[PDB]
Amino acid sequence: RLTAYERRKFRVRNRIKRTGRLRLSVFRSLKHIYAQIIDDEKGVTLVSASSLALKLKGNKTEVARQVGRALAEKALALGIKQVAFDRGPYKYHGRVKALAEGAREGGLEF
Amino acid sequence: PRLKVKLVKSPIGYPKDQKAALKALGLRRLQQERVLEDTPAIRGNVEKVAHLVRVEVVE
Amino acid sequence: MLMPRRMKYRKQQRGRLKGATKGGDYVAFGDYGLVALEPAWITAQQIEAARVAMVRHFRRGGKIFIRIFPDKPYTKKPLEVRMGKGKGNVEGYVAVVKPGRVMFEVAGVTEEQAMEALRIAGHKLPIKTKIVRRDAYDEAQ
Amino acid sequence: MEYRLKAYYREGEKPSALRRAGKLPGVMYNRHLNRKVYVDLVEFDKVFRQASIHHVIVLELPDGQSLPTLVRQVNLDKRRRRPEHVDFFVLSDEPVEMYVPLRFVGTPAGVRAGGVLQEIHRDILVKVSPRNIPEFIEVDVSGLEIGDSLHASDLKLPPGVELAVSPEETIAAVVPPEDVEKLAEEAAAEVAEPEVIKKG
Amino acid sequence: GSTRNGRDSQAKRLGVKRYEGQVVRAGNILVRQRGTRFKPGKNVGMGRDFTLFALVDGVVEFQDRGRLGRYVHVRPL
RNA sequence: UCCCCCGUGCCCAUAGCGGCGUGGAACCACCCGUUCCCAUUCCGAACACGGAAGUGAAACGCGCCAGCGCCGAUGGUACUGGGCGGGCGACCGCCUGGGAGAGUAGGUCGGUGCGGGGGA
RNA sequence: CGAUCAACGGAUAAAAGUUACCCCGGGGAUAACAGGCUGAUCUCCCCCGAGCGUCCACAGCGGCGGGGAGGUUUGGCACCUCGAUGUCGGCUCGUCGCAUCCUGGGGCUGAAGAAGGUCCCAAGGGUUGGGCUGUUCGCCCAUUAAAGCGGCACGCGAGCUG
RNA sequence: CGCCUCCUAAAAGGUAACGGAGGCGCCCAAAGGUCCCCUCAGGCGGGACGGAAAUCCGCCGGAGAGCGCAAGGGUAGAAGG
RNA sequence: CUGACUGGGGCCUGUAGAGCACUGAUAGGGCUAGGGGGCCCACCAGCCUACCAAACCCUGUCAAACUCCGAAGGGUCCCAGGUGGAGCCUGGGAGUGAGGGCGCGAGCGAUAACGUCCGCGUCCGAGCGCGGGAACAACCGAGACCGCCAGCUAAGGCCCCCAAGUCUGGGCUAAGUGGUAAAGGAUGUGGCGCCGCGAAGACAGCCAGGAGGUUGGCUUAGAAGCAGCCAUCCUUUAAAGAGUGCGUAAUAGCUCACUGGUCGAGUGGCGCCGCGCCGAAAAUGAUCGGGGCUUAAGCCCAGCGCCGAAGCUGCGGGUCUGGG
Ligand SMILES: [Mg+2]
Ligand SMILES: [Mg+2]
Ligand SMILES: [Mg+2]
Ligand SMILES: [Mg+2]
Ligand SMILES: [Mg+2]
Ligand SMILES: [Mg+2]
Ligand SMILES: [Mg+2]
Ligand SMILES: [Mg+2]
Ligand SMILES: [Mg+2]
Ligand SMILES: [Mg+2]
Ligand SMILES: [Mg+2]
Ligand SMILES: [Mg+2]
Ligand SMILES: [Mg+2]
Ligand SMILES: [Mg+2]
Ligand SMILES: [Mg+2]
Ligand SMILES: [Mg+2]
Ligand SMILES: [Mg+2]
Ligand SMILES: [Mg+2]
Ligand SMILES: [Mg+2]
Ligand SMILES: [Mg+2]
Ligand SMILES: [Mg+2]
Ligand SMILES: [Mg+2]
Ligand SMILES: [Mg+2]
Ligand SMILES: [Mg+2]
Ligand SMILES: [Mg+2]
Ligand SMILES: [Mg+2]
Ligand SMILES: [Mg+2]
Ligand SMILES: [Mg+2]
Ligand SMILES: [Mg+2]
Ligand SMILES: [Mg+2]
Ligand SMILES: [Mg+2]
Ligand SMILES: [Mg+2]
Ligand SMILES: [Mg+2]
Ligand SMILES: [Mg+2]
Ligand SMILES: [Mg+2]
Ligand SMILES: [Mg+2]
Ligand SMILES: [Mg+2]
Ligand SMILES: [Mg+2]
Ligand SMILES: [Mg+2]
Ligand SMILES: [Mg+2]
Ligand SMILES: [Mg+2]
Ligand SMILES: [Mg+2]
Ligand SMILES: [Mg+2]
Ligand SMILES: [Mg+2]
Ligand SMILES: [Mg+2]
Ligand SMILES: [Mg+2]
Ligand SMILES: [Mg+2]
Ligand SMILES: [Mg+2]
Ligand SMILES: [Mg+2]
Ligand SMILES: [Mg+2]
Ligand SMILES: [Mg+2]
Ligand SMILES: [Mg+2]
Ligand SMILES: [Mg+2]
Ligand SMILES: [Mg+2]
Ligand SMILES: [Mg+2]
Ligand SMILES: [Mg+2]
Ligand SMILES: [Mg+2]
Ligand SMILES: [Mg+2]
Ligand SMILES: [Mg+2]
Ligand SMILES: [Mg+2]
Ligand SMILES: [Mg+2]
Ligand SMILES: [Mg+2]
Ligand SMILES: [Mg+2]
Ligand SMILES: [Mg+2]
Ligand SMILES: [Mg+2]
Ligand SMILES: [Mg+2]
Ligand SMILES: [Mg+2]
Ligand SMILES: [Mg+2]
Ligand SMILES: [Mg+2]
Ligand SMILES: [Mg+2]
Ligand SMILES: [Mg+2]
Ligand SMILES: [Mg+2]
Ligand SMILES: [Mg+2]
Ligand SMILES: [Mg+2]
Ligand SMILES: [Mg+2]
Ligand SMILES: [Mg+2]
Ligand SMILES: [Mg+2]
Ligand SMILES: [Mg+2]
Ligand SMILES: [Mg+2]
Ligand SMILES: [Mg+2]
Ligand SMILES: [Mg+2]
Ligand SMILES: [Mg+2]
Ligand SMILES: [Mg+2]
Ligand SMILES: [Mg+2]
Ligand SMILES: [Mg+2]
Ligand SMILES: [Mg+2]
Ligand SMILES: [Mg+2]
Ligand SMILES: [Mg+2]
Ligand SMILES: [Mg+2]
Ligand SMILES: [Mg+2]
Ligand SMILES: [Mg+2]
Ligand SMILES: [Mg+2]
Ligand SMILES: [Mg+2]
Ligand SMILES: [Mg+2]
Ligand SMILES: [Mg+2]
Ligand SMILES: [Mg+2]
Ligand SMILES: [Mg+2]
Ligand SMILES: [Mg+2]
Ligand SMILES: [Mg+2]
Ligand SMILES: [Mg+2]
Ligand SMILES: [Mg+2]
Ligand SMILES: [Mg+2]
Ligand SMILES: [Mg+2]
Ligand SMILES: [Mg+2]
Ligand SMILES: [Mg+2]
Ligand SMILES: [Mg+2]
Ligand SMILES: [Mg+2]
Ligand SMILES: [Mg+2]
Ligand SMILES: [Mg+2]
Ligand SMILES: [Mg+2]
Ligand SMILES: [Mg+2]
Ligand SMILES: [Mg+2]
Ligand SMILES: [Mg+2]
Ligand SMILES: [Mg+2]
Ligand SMILES: [Mg+2]
Ligand SMILES: [Mg+2]
Ligand SMILES: [Mg+2]
Ligand SMILES: [Mg+2]
Ligand SMILES: [Mg+2]
Ligand SMILES: [Mg+2]
Ligand SMILES: [Mg+2]
Ligand SMILES: [Mg+2]
Ligand SMILES: [Mg+2]
Ligand SMILES: [Mg+2]
Ligand SMILES: [Mg+2]
Ligand SMILES: [Mg+2]
Ligand SMILES: [Mg+2]
Ligand SMILES: [Mg+2]
Ligand SMILES: [Mg+2]
Ligand SMILES: [Mg+2]
Ligand SMILES: [Mg+2]
Ligand SMILES: [Mg+2]
Ligand SMILES: [Mg+2]
Ligand SMILES: [Mg+2]
Ligand SMILES: [Mg+2]
Ligand SMILES: [Mg+2]
Ligand SMILES: [Mg+2]
Ligand SMILES: [Mg+2]
Ligand SMILES: [Mg+2]
Ligand SMILES: [Mg+2]
Ligand SMILES: [Mg+2]
Ligand SMILES: [Mg+2]
Ligand SMILES: [Mg+2]
Ligand SMILES: [Mg+2]
Ligand SMILES: [Mg+2]
Ligand SMILES: [Mg+2]
Ligand SMILES: [Mg+2]
Ligand SMILES: [Mg+2]
Ligand SMILES: [Mg+2]
Ligand SMILES: [Mg+2]
Ligand SMILES: [Mg+2]
Ligand SMILES: [Mg+2]
Ligand SMILES: [Mg+2]
Ligand SMILES: [Mg+2]
Ligand SMILES: [Mg+2]
Ligand SMILES: [Mg+2]
Ligand SMILES: [Mg+2]
Ligand SMILES: [Mg+2]
Ligand SMILES: [Mg+2]
Ligand SMILES: [Mg+2]
Ligand SMILES: [Mg+2]
Ligand SMILES: [Mg+2]
Ligand SMILES: [Mg+2]
Ligand SMILES: [Mg+2]
Ligand SMILES: [Mg+2]
Ligand SMILES: [Mg+2]
Ligand SMILES: [Mg+2]
Ligand SMILES: [Mg+2]
Ligand SMILES: [Mg+2]
Ligand SMILES: [Mg+2]
Ligand SMILES: [Mg+2]
Ligand SMILES: [Mg+2]
Ligand SMILES: [Mg+2]
Ligand SMILES: [Mg+2]
Ligand SMILES: [Mg+2]
Ligand SMILES: [Mg+2]
Ligand SMILES: [Mg+2]
Ligand SMILES: [Mg+2]
Ligand SMILES: [Mg+2]
Ligand SMILES: [Mg+2]
Ligand SMILES: [Mg+2]
Ligand SMILES: [Mg+2]
Ligand SMILES: [Mg+2]
Ligand SMILES: [Mg+2]
Ligand SMILES: [Mg+2]
Ligand SMILES: [Mg+2]
Ligand SMILES: [Mg+2]
Ligand SMILES: [Mg+2]
Ligand SMILES: [Mg+2]
Ligand SMILES: [Mg+2]
Ligand SMILES: [Mg+2]
Ligand SMILES: [Mg+2]
Ligand SMILES: [Mg+2]
Ligand SMILES: [Mg+2]
Ligand SMILES: [Mg+2]
Ligand SMILES: [Mg+2]
Ligand SMILES: [Mg+2]
Ligand SMILES: [Mg+2]
Ligand SMILES: [Mg+2]
Ligand SMILES: [Mg+2]
Ligand SMILES: [Mg+2]
Ligand SMILES: [Mg+2]
Ligand SMILES: [Mg+2]
Ligand SMILES: [Mg+2]
Ligand SMILES: [Mg+2]
Ligand SMILES: [Mg+2]
Ligand SMILES: [Mg+2]
Ligand SMILES: [Mg+2]
Ligand SMILES: [Mg+2]
Ligand SMILES: [Mg+2]
Ligand SMILES: [Mg+2]
Ligand SMILES: [Mg+2]
Ligand SMILES: [Mg+2]
Ligand SMILES: [Mg+2]
Ligand SMILES: [Mg+2]
Ligand SMILES: [Mg+2]
Ligand SMILES: [Mg+2]
Ligand SMILES: [Mg+2]
Ligand SMILES: [Mg+2]
Ligand SMILES: [Mg+2]
Ligand SMILES: [Mg+2]
Ligand SMILES: [Mg+2]
Ligand SMILES: [Mg+2]
Ligand SMILES: [Mg+2]
Ligand SMILES: [Mg+2]
Ligand SMILES: [Mg+2]
Ligand SMILES: [Mg+2]
Ligand SMILES: [Mg+2]
Ligand SMILES: [Mg+2]
Ligand SMILES: [Mg+2]
Ligand SMILES: [Mg+2]
Ligand SMILES: [Mg+2]
Ligand SMILES: [Mg+2]
Ligand SMILES: [Mg+2]
Ligand SMILES: [Mg+2]
Ligand SMILES: [Mg+2]
Ligand SMILES: [Mg+2]
Ligand SMILES: [Mg+2]
Ligand SMILES: [Mg+2]
Ligand SMILES: [Mg+2]
Ligand SMILES: [Mg+2]
Ligand SMILES: [Mg+2]
Ligand SMILES: [Mg+2]
Ligand SMILES: [Mg+2]
Ligand SMILES: [Mg+2]
Ligand SMILES: [Mg+2]
Ligand SMILES: [Mg+2]
Ligand SMILES: [Mg+2]
Ligand SMILES: [Mg+2]
Ligand SMILES: [Mg+2]
Ligand SMILES: [Mg+2]
Ligand SMILES: [Mg+2]
Ligand SMILES: [Mg+2]
Ligand SMILES: [Mg+2]
Ligand SMILES: [Mg+2]
Ligand SMILES: [Mg+2]
Ligand SMILES: [Mg+2]
Ligand SMILES: [Mg+2]
Ligand SMILES: [Mg+2]
Ligand SMILES: [Mg+2]
Ligand SMILES: [Mg+2]
């Protein structure tokens, strides 16, 4: 028995599966936001970044901008430029969007 | 491991694939014998028409 | 007699009478049972005779248990026509029976009355018949 | 109450060959072991026609093993009505589901009117240890008219047994009997021709 | 008395044209089907009528994923 | 490189249902708000956002219970490739090899990959 | 862009029938006659016995149902004959199978006896004259020991008949 | 009498009968394309007129829904709305 | 060497069988709306349902167009084997596109066709050439270059017609079954089991008894043991059912079973298998091909030879191709 949350997390990532690119995995809790990039072929995560693990304090919008600006640097240090953005069940707005601008201003290509 | 093959019956009236196996083994006349090396690639041939043929084991 | 009230199709092919019966080979209803031997299509027009004669022999008591069913529709063309012009019209509903089938089971009736009651069906049915008592082998499966 | 038999092992024989010679092939097993055996038919039918799965049958191997066993299944020949295979369970102190026969005592009321007593389950599936085995289960059917339903929830059980099926199963019933005057009205009407399902 | 039957459609030659381990070229058709009896895997191109063709020049291999349906993979040698 | 824990893949019910217990420090989840962004074919339900006092009651995670479901041999048997016979027929036997399905014995209240938090 | 060119791979943009006045080239590839194979149908026979038969399952009877022979009915397939195998009925000539109409020998009888219903063995002879109509059939007329059913290209036109 | 679907069809393709069965010679200006959003039919219990069945809600609930039209194939982790 | 074909290997698959998980079928059973009927109201339900029975469940079943499962096989590719009137690119020259019998599956037919239409194979066609099979294109054996008055076998035969055993060993049949068939009927008979009854004397024959309530009852007109049934219980017993058949208008009666004796050892009834009987009547004269065979000259099992084909070897040589 599935729900609308699991269906919305399923359908957009199903759309991303045809891309084959490095997926920007988003997990948004009430307190923090977490993002680690995985290779869908071999099932190996490249690098991780979040707000809790980076010891952030307050508003998750600007905080999400910060975790993007902190995530993209290691990607430019490992040679990852072309990427995609998966939103999962969350809508592309607010916290997650500010995180996306955090990555795009961080130097990624999406 | 070698096998001396001796034909016992004539191939008249039998299906065509069996005739093609007899041609793969090189049987154009009756009662003709031939000592062939024992490998499953040749044994599987004789297994098909074994009822028309006889086989002797040598060396 | 017996005939289904509704069917998906009115016509069927003849199939093949090969093999033995896949089910209904052991008695599970009554004290005694009747096992058929020869393969045949069993019409309800053939079943009604054995049934009616047996209940006319009981005249009360006992229970008739039919374990087969006429699911095979039988066809035939009109008289004096040529081959073709469609398939013959369906005029009956028969049942496929092969060696090993136990068509009829009976209980509430003692051995002798069961014997003659099962003896009438031997003649009123085309296939060879054999009378059985439900023993441990029929009880086991 | 308890029965015994003698058996021998078999390794490289054709089951059709032994079965023609009169030696029914078989394989005995439980969760701990597994072996191929064979048992003669002329010594099998006599014992099996009495205690099929309701009583215990201990087998004796050629080496001298005495194993209390119970036949789990019998594969009958679909043509000759003669058993072509048998399964033998190997018992222990562990409880397991088995079958037990039902003895129906008492003269029913509906029978006195010439009725018919149908017995759905002369055997019942009940989990119990081999040491707590009763030989059968007594049930009073003297209060059966034409006609009321009897089920498995009415069972009285000797201590130590566990019913393995749902109590809603009907184990017996009383059915309307045949009649000559029913055949006259049985043909007094015509049933409708099969109404086909309209395709499309 | 006459006939109302005898009408039918031509066969569509339905099936798979390339099996496991075979040599293919870019554009060679692999599978023909109705609906989704197969699902495209790696380098498995598919059109509108469910025709599966070779996306690249490679070797064919099949797998069954159970609940997700059977998939095909065309490997670079 | 050991425990628990947050994502995320794979195997595709041996992974579900049901019932019982259990954990809030971190986490996670409910939660406190509806001004802001957004939202409701009505509704801050969900979705969205800002927070942190309360809270394991739910859900989820971790474990027991095999009621149900799932998985499933050993055989023998069914069928049949090849090779043969019988029977007027319907169809039936034998040799060689392959060998089901159903049932029976029992096995299942998951396994694992990487990256991450704390613990050791 | 003009398609019931819907016979849809579509002759031309223009097209029904009649032929006992018929012709040519063909077919046993292909109906009608005949044999053949089948026995669907028709004829005859046997199974089981509910019941009728006052009583009495069978003296004769035999619901519902079942197993077969014969190749005499209509049909099925179109196998040799269309460089022909003359089609129904009648005349004539016989011979043949008994599922026997009469005659002979019989069991059973609801057989007092006569006469008779049913079943058994048996083809040796017999199996009448006529009106009707083309009739085969069949109703009728006076009889009868009885006025039988079928086979032989529904025998028989290189014998007539027409 | 052209075309489609079922099986006959003998586990590739294919396979004929005057064999057994239904459909077509249209439609959609969105019922096409792309983003986002969402899950049914059906059973238990409740409820204005008002319901076996109108709509909504509570529990169960894998496709038994539905997708212009016959059929199969396919299918909600959408193709459906 | 790329071919028919063989082995390893992975993939493609859904018919036989199999089963209820969907769609349908579904006899009986359990539950329960619903009604129909019926007690009981117009006063509105209630209760009983040996009534058909929705939904749901159980026991047991069915399907070419149903499938929770699913091979033997089929195909294709990879590689190995494998060299043959095998394979392939291009060029020229055709013939056929009336098939037929059979085998396996299916339909159409009527579980008919010397019937037809389909997929696979063989064969006849084109091998009416050869041995069998009595002769008979397609059933079995076997592909003829021809020349030997040599040899070995296949099918099939080995009593004579006619070459080879009236050859051995066991067992079967008594019907000339063999040498055309059925459902069915049977003191036919042979091979394996199962049993009981019977010297706590059976079966066969020979000697007594075989009774009462009760002409019982639902009961209608007679139903006295001897018509159906919703009764079969008992008494006295060595033994006796409230009656096996025969018998009556009911009766009456005889008798079966039965218990006892009489004679002193086997008897009779169920279930499997071999081979036989009746079932079995048609048209020119008979019949297994014949003559004729009964410890076979038949059926079954089981052995050692021989006969015998244009099939294979020796030997005599033609010709196409290949190595020299
Ligand atoms: Mg699921
Ligand atoms: Mg940098
Ligand atoms: Mg690129
Ligand atoms: Mg030799
Ligand atoms: Mg041959
Ligand atoms: Mg092949
Ligand atoms: Mg083949
Ligand atoms: Mg060849
Ligand atoms: Mg050659
Ligand atoms: Mg060699
Ligand atoms: Mg090998
Ligand atoms: Mg091998
Ligand atoms: Mg080997
Ligand atoms: Mg092979
Ligand atoms: Mg070998
Ligand atoms: Mg062999
Ligand atoms: Mg009726
Ligand atoms: Mg059957
Ligand atoms: Mg079953
Ligand atoms: Mg029939
Ligand atoms: Mg019939
Ligand atoms: Mg009728
Ligand atoms: Mg009939
Ligand atoms: Mg008519
Ligand atoms: Mg008529
Ligand atoms: Mg006509
Ligand atoms: Mg009718
Ligand atoms: Mg009829
Ligand atoms: Mg009929
Ligand atoms: Mg009918
Ligand atoms: Mg009883
Ligand atoms: Mg008894
Ligand atoms: Mg018999
Ligand atoms: Mg028996
Ligand atoms: Mg045997
Ligand atoms: Mg034996
Ligand atoms: Mg238990
Ligand atoms: Mg009445
Ligand atoms: Mg009734
Ligand atoms: Mg009435
Ligand atoms: Mg009637
Ligand atoms: Mg009436
Ligand atoms: Mg009436
Ligand atoms: Mg009715
Ligand atoms: Mg009426
Ligand atoms: Mg009528
Ligand atoms: Mg009708
Ligand atoms: Mg009608
Ligand atoms: Mg209609
Ligand atoms: Mg309508
Ligand atoms: Mg409608
Ligand atoms: Mg019609
Ligand atoms: Mg008509
Ligand atoms: Mg009309
Ligand atoms: Mg039409
Ligand atoms: Mg019409
Ligand atoms: Mg119409
Ligand atoms: Mg119609
Ligand atoms: Mg088709
Ligand atoms: Mg096409
Ligand atoms: Mg795999
Ligand atoms: Mg797998
Ligand atoms: Mg899926
Ligand atoms: Mg891989
Ligand atoms: Mg690999
Ligand atoms: Mg390499
Ligand atoms: Mg460390
Ligand atoms: Mg540890
Ligand atoms: Mg993997
Ligand atoms: Mg495990
Ligand atoms: Mg489940
Ligand atoms: Mg809990
Ligand atoms: Mg249950
Ligand atoms: Mg499994
Ligand atoms: Mg093969
Ligand atoms: Mg026989
Ligand atoms: Mg014949
Ligand atoms: Mg038959
Ligand atoms: Mg193999
Ligand atoms: Mg089950
Ligand atoms: Mg365990
Ligand atoms: Mg998990
Ligand atoms: Mg696992
Ligand atoms: Mg894991
Ligand atoms: Mg750590
Ligand atoms: Mg116009
Ligand atoms: Mg026009
Ligand atoms: Mg025109
Ligand atoms: Mg025209
Ligand atoms: Mg028209
Ligand atoms: Mg026109
Ligand atoms: Mg024109
Ligand atoms: Mg006109
Ligand atoms: Mg016109
Ligand atoms: Mg006209
Ligand atoms: Mg005129
Ligand atoms: Mg005229
Ligand atoms: Mg005319
Ligand atoms: Mg003139
Ligand atoms: Mg003229
Ligand atoms: Mg002229
Ligand atoms: Mg002319
Ligand atoms: Mg014509
Ligand atoms: Mg005509
Ligand atoms: Mg014609
Ligand atoms: Mg005319
Ligand atoms: Mg005419
Ligand atoms: Mg005609
Ligand atoms: Mg004719
Ligand atoms: Mg004749
Ligand atoms: Mg004729
Ligand atoms: Mg004939
Ligand atoms: Mg006949
Ligand atoms: Mg005949
Ligand atoms: Mg008669
Ligand atoms: Mg009577
Ligand atoms: Mg009477
Ligand atoms: Mg009379
Ligand atoms: Mg009669
Ligand atoms: Mg009547
Ligand atoms: Mg009749
Ligand atoms: Mg009749
Ligand atoms: Mg009849
Ligand atoms: Mg008949
Ligand atoms: Mg008949
Ligand atoms: Mg005849
Ligand atoms: Mg006549
Ligand atoms: Mg006539
Ligand atoms: Mg007439
Ligand atoms: Mg007529
Ligand atoms: Mg005619
Ligand atoms: Mg023809
Ligand atoms: Mg001439
Ligand atoms: Mg003429
Ligand atoms: Mg003339
Ligand atoms: Mg004429
Ligand atoms: Mg005429
Ligand atoms: Mg005429
Ligand atoms: Mg005249
Ligand atoms: Mg004259
Ligand atoms: Mg005359
Ligand atoms: Mg005469
Ligand atoms: Mg005669
Ligand atoms: Mg007569
Ligand atoms: Mg007479
Ligand atoms: Mg006389
Ligand atoms: Mg007399
Ligand atoms: Mg007289
Ligand atoms: Mg009369
Ligand atoms: Mg005469
Ligand atoms: Mg005569
Ligand atoms: Mg004479
Ligand atoms: Mg004379
Ligand atoms: Mg004469
Ligand atoms: Mg005369
Ligand atoms: Mg005369
Ligand atoms: Mg005269
Ligand atoms: Mg006439
Ligand atoms: Mg005449
Ligand atoms: Mg005359
Ligand atoms: Mg007339
Ligand atoms: Mg008159
Ligand atoms: Mg008059
Ligand atoms: Mg007058
Ligand atoms: Mg007169
Ligand atoms: Mg006269
Ligand atoms: Mg005459
Ligand atoms: Mg005629
Ligand atoms: Mg004439
Ligand atoms: Mg004239
Ligand atoms: Mg004239
Ligand atoms: Mg055409
Ligand atoms: Mg198909
Ligand atoms: Mg292909
Ligand atoms: Mg091709
Ligand atoms: Mg083809
Ligand atoms: Mg054709
Ligand atoms: Mg139109
Ligand atoms: Mg649409
Ligand atoms: Mg809903
Ligand atoms: Mg449609
Ligand atoms: Mg559809
Ligand atoms: Mg998906
Ligand atoms: Mg190659
Ligand atoms: Mg080929
Ligand atoms: Mg070829
Ligand atoms: Mg190959
Ligand atoms: Mg290899
Ligand atoms: Mg492997
Ligand atoms: Mg019904
Ligand atoms: Mg009534
Ligand atoms: Mg269920
Ligand atoms: Mg397998
Ligand atoms: Mg293979
Ligand atoms: Mg092939
Ligand atoms: Mg291919
Ligand atoms: Mg490889
Ligand atoms: Mg390679
Ligand atoms: Mg080589
Ligand atoms: Mg060479
Ligand atoms: Mg070469
Ligand atoms: Mg060459
Ligand atoms: Mg050539
Ligand atoms: Mg060439
Ligand atoms: Mg090529
Ligand atoms: Mg050139
Ligand atoms: Mg060329
Ligand atoms: Mg050409
Ligand atoms: Mg033609
Ligand atoms: Mg033709
Ligand atoms: Mg052909
Ligand atoms: Mg042909
Ligand atoms: Mg045929
Ligand atoms: Mg053969
Ligand atoms: Mg074959
Ligand atoms: Mg008929
Ligand atoms: Mg048939
Ligand atoms: Mg015939
Ligand atoms: Mg036939
Ligand atoms: Mg035919
Ligand atoms: Mg063909
Ligand atoms: Mg084949
Ligand atoms: Mg040839
Ligand atoms: Mg010849
Ligand atoms: Mg012959
Ligand atoms: Mg002959
Ligand atoms: Mg034959
Ligand atoms: Mg012949
Ligand atoms: Mg000389
Ligand atoms: Mg030879
Ligand atoms: Mg001879
Ligand atoms: Mg001679
Ligand atoms: Mg000679
Ligand atoms: Mg005879
Ligand atoms: Mg004859
Ligand atoms: Mg005959
Ligand atoms: Mg014979
Ligand atoms: Mg026979
Ligand atoms: Mg008998
Ligand atoms: Mg005394
Ligand atoms: Mg005394
Ligand atoms: Mg024997
Ligand atoms: Mg026999
Ligand atoms: Mg016989
Ligand atoms: Mg005779
Ligand atoms: Mg005769
Ligand atoms: Mg005689
Ligand atoms: Mg004669
Ligand atoms: Mg004769
Ligand atoms: Mg002779
Ligand atoms: Mg024998
Ligand atoms: Mg011998
Ligand atoms: Mg000697
Ligand atoms: Mg020579
Ligand atoms: Mg030569
Ligand atoms: Mg020498
Ligand atoms: Mg020379
Ligand atoms: Mg020279
Ligand atoms: Mg050359
Ligand atoms: Mg060379
Ligand atoms: Mg040299």
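Each value in this text was obtained by applying a stated rule to the coordinates, not by laboratory testing. Note: ideal-geometry Cβ built from the backbone for every residue, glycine included; neighbour counts use all protein chains shown.
Students often forget the sequence filter, so: which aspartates and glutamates lie under 13 Å Cα-Cα from C:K76 once same-chain residues fewer than 8 apart are removed?
Answer for C:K76, where 13 Å is the Cα cut-off: C:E91, listed by chain and number.
Past 23 Å, Cα to Cα, is the threshold; run C:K22/D:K23; C:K87/D:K78; C:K8/C:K72; D:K127/D:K156; C:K63/D:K127; A:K74/A:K97 against it and keep the listed order.
Among C:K22/D:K23; C:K87/D:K78; C:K8/C:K72; D:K127/D:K156; C:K63/D:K127; A:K74/A:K97, the Cα-Cα distance tops 23 Å for C:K22/D:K23; C:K87/D:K78; C:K63/D:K127.
Would you mind classifying chain A by shape? Square roots of the alpha carbon gyration tensor eigenvalues, ordered a ≥ b ≥ c; an a/c under 1.5 is rounded, otherwise it is prolate if a/b is larger than b/c and oblate if not.
Oblate shape, in that a/c is at least 1.5 and b/c is the bigger or equal ratio.
Would you mind giving the mean number of other chain beta-carbons within 10 Å of the Cβ of each residue in C:61-67, as a whole number?
Average neighbour count from other chains, rounded to a whole number: 4.
So if we plug the beta-carbon distance of A:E105 and E:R7 into 1/(1 + (r/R0)^6) with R0 = 45 Å, what FRET efficiency do we get, rounded to 0.05?
0.10
Please give the calculated 222 nm ellipticity per residue for chain D, where each DSSP H segment of at least 4 residues contributes -39500 (n - 2.57) and the sum is spread over every residue; nearest 500 deg cm²/dmol? Please report the intermediate quantities before stating the final value.
Details: 3 runs with 17 residues, N = 200.
Helices in chain D give a 222 nm mean residue ellipticity of -2000 deg cm²/dmol.
If you count the DSSP beta bridges with both ends in the protein assembly as shown, what percent of them are antiparallel, to the nearest 5?
Antiparallel bridges make up about 85 percent of those DSSP assigns within the protein assembly as shown.
Measuring from centroid to centroid over Cα atoms, what is the spacing of the stretch E:38-72 and the stretch C:64-140 in Å?
53 Å
Taking 8 Å as the Cα distance limit and 6 or more residues as the minimum spacing, I'd like the relative contact order of the stretch A:3-110 as a percentage.
About 30 percent, as a whole number.
So which residue, out of E:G45, E:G21, E:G35, gets the largest mean-square fluctuation from a GNM of chain E using Cα contacts under 10 Å as springs?
Ranking E:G45, E:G21, E:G35 by mean-square fluctuation puts E:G35 first.
Work out the mean other chain Cβ neighbour count within 10 Å for the residues of C:86-99 and drop it here as an integer.
Partner Cβ neighbours, averaged per residue: 1.
Where a Cα-Cα gap under 17 Å defines reach, which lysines qualify for E:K17, not counting those fewer than 8 residues away within the same chain?
E:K39
Just the ratio, please: alpha-carbon radius of gyration of the protein assembly as shown over 2.2 N^0.38 Å, N its number of residues.
Computed over Cα atoms of the protein assembly as shown, the ratio equals 1.51.
Is there a simple number for the mean count of other chain Cβ atoms within 10 Å of the Cβ of residues in C:51-58, and what is it?
Per-residue shielding by partner chains comes out at 3.
Is the stretch D:146-200 best put as rounded, prolate or oblate by its Cα gyration tensor, with a ≥ b ≥ c the root eigenvalues, rounded for a/c under 1.5, and otherwise prolate when a/b is larger than b/c, oblate when not?
oblate
Sum -39500 (n - 2.57) across every DSSP H segment of at least 4 residues in chain C, then divide by the residue count to get the 222 nm mean residue ellipticity, nearest 500.
Details: 3 runs with 34 residues, N = 141.
Helices in chain C give a 222 nm mean residue ellipticity of -7500 deg cm²/dmol.
Helix-only mean residue ellipticity at 222 nm, chain A, DSSP H runs n ≥ 4 weighted -39,500 (n - 2.57), per residue, nearest 500. What is it?
-13500 deg cm²/dmol
Given a cut-off of under 8 Å on Cα pairs at least six residues apart, what relative contact order in percent is computed for chain B?
Numbers: 72 pairs, mean separation 36.5, N = 59.
Contact order relative to length: 62 percent.
Evaluate the relative contact order of the stretch C:29-137 (contact order divided by residue number), counting alpha-carbon pairs under 8 angstrom at least 6 apart; express in whole percent.
Relative contact order comes out at 50 percent.
Rounded, prolate or oblate: which one fits chain B, using the alpha carbon gyration tensor with axes a ≥ b ≥ c (rounded when a/c is under 1.5, else prolate when a/b beats b/c, else oblate)? Spell out each step's value before the answer.
Values: a/c = 2.07, a/b = 1.50, b/c = 1.38.
Taking the square roots of the gyration eigenvalues as a ≥ b ≥ c, chain B is prolate.
Given springs between every Cα pair under 10 Å in a Gaussian network model of chain C, which of C:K22, C:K124, C:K87 has the largest fluctuation?
C:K87
Among C:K72, C:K98, C:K11, which one moves the most in a GNM of chain C with springs linking Cα atoms closer than 10 Å?
Most flexible of the set in this elastic network: C:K11.
Could you compute the longest span of chain B free of trypsin sites (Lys or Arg not before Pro) located in DSSP loops and having at most 15 other Cβ atoms within 10 Å, not counting the site residues? Show your work: numbers first, answer last.
Numbers: sites that count: B:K9, B:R28, B:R29.
Segment B:30-59 is the longest.
Are there GluC sites (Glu not before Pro) in the stretch C:75-111 that DSSP puts in a loop and that have at most 10 other Cβ atoms within 10 Å, and which ones?
C:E80
Return the sequence-ordered ³J(HN,Hα) values of the stretch E:17-29 in whole Hz as given by the Karplus equation 6.51 cos²θ - 1.76 cosθ + 1.60 applied to θ = phi - 60°, using x for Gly and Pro.
In residue order, the calculated couplings are 9, 10, 9, 6, x, 8, 8, 10, 10, 4, x, 5, 6 Hz.
Can you list residues whose amide H is under 5 Å from E:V59's amide H, if they're 5+ apart or on another chain and H is modeled 1.01 Å from N?
E:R75, E:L77
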